[PDB]
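Below is one structure, written out as structure tokens, with a few remarks after it.
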Amino acid sequence: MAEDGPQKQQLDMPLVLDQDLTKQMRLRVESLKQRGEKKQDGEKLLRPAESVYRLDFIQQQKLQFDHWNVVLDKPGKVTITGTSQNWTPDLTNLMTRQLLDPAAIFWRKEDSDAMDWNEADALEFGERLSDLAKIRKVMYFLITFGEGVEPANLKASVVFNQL
Numbered sequence: 003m004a005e006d007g008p009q010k011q012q013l014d015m016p017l018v019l020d021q022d023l024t025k026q027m028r029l030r031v032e033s034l035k036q037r038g039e040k041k042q043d044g045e046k047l048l049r050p051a052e053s054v055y056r057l058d059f060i061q062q063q064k065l066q067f068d069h070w071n072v073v074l075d076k077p078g079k080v081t082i083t084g085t086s087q088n089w090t091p092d093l094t095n096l097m098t099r100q101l102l103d104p105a106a107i108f109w110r111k112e113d114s115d116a117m118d119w120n121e122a123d124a125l126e127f128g129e130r131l132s133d134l135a136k137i138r139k140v141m142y143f144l145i146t147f148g149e150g151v152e153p154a155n156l157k158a159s160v161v162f163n164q165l
């Protein structure tokens, strides 16, 4: 019974990129080449356009996913690929066929202020995220920067309904 006015409160979680963390992985690969490792069983090569985003689930369940909204300073294209809470690139070698369901694609055109994305592929990953999220207070997402996006000009804000 809120007396202020707003009946249902709302809370948005700003996911933030981790470009510096991406550079740290590259340094480890450079050290490996000095002694070589013959990693031909499955070399893990990330693209300089891959940054790691981190999300902190502050509430155990009062939070609810309403509508993810990603904002870019300029139009363009970005690919978000999800990973099993177990297949981690640092603990496992990045494999293309061992990826779970395909990655969702979000893109904003110049005459469009709204981005069009695959709701069907994203919707399936929505409910799956609803569980693994209640058990893990933090989750990392991989994003790819296309052409026309400056390094840190990416901001990801998702609106959630707090009960």
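Numbers 3 to 165, taken from the working numbering, label the letters of the sequence shown in order. By construction, the Cβ of each residue, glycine as well, lies at the ideal position given by its N, Cα and C atoms.
- In terms of Cα proximity to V73, the closest of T85, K10, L17 and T90 is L17.
- Using a 10 angstroms sphere on the CB of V161, the tally of other CB atoms stays under 16, which defines it as exposed.
- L47 sits away from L93, with the two beta carbons spaced by 9 Å or more.
- Judged by their CB atoms, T146 and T81 are nearer to each other than the 9 Å cut-off.
- Going by DSSP, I82 is part of the beta strand (DSSP E) stretching over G78 to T83.
- Buried is the label assigned to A106, since at least 16 other Cβ atoms lie within 10 Å of its Cβ.
- Judged by DSSP secondary structure, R110 falls within the beta strand (DSSP E) whose first and last residues are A106 to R110.
- For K40, no beta strand (DSSP E) run applies, since DSSP gives it neither H nor E.
- Spanning the alpha carbons of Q87 and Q100 requires a straight line of approximately 13 Å.
- Distance from the Cα of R56 is smallest, within the candidate group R110, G44 and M15, for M15.
- Taking 8 Å as the upper bound for CB-CB distance, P77 and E112 are in contact here, some 5 Å apart.
- In this chain, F59 is not harboured by any alpha helix (DSSP H), its DSSP state being neither H nor E.
- For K157, no alpha helix (DSSP H) encloses it; the enclosing beta strand (DSSP E) starts and ends at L156 to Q164.
- Between the beta-carbon of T90 and that of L144 there is about 11 Å, and that puts the pair past the 8 Å contact cut.
- By the CB criterion at 9 Å, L19 and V54 fall inside the cutoff.
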